[PDB]
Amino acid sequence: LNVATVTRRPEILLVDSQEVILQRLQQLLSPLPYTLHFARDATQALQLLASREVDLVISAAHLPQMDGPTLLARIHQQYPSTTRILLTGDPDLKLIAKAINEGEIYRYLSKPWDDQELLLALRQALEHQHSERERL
């Protein structure tokens, strides 16, 4: 076989009800070689995940049906191939603790974020996802 080069393009799901956040994410990420999906509540996120492979989910902390840490906890158990990131400006460490202890997030990012910090977390998360998928 030929040397391995590229898999299919990364698939990223962004979950937030706030339009400013979805817009800032689209502006930052759409020029890069990723397939993006946007979900405006937890139920939409879960339905998207049931319908296609997703490499990375980035969720807000606050969402309509269940909060972000709760959503990420469900995703951890039901979609273990998807790497998980919490994106929030809420400093509540009870919510953060849930994201760690139940969501098992790979990275935590603040709102607002530094663009290059977020892009680096994304690279690290996609590389982690690929290495983990090489395993199981």
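All residue numbers are counted from 1 along the displayed sequence.
Student: Of 20 to 28 and 118 to 126, which one has the bigger average CA B-factor?
Tutor: If you average the C-alpha B-factors of 118 to 126 and of 20 to 28, the larger mean comes out for 20 to 28.
Student: Look over 62 to 70 and 95 to 103 in the entry and identify the one with the greater average Cα temperature factor.
Tutor: That would be 62 to 70.
Student: Using only modelled residues of the chain, where does the Cα B factor of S81 rank: lowest third, middle third or highest third?
Tutor: For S81, whose C-alpha B-factor we compare with every modelled residue in the chain, the answer is the highest third.
Student: Comparing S51 with the other modelled residues of its chain, is its CA B-factor in the lowest, middle or highest third?
Tutor: It belongs to the highest third of the chain when residues are ordered by C-alpha B-factor.
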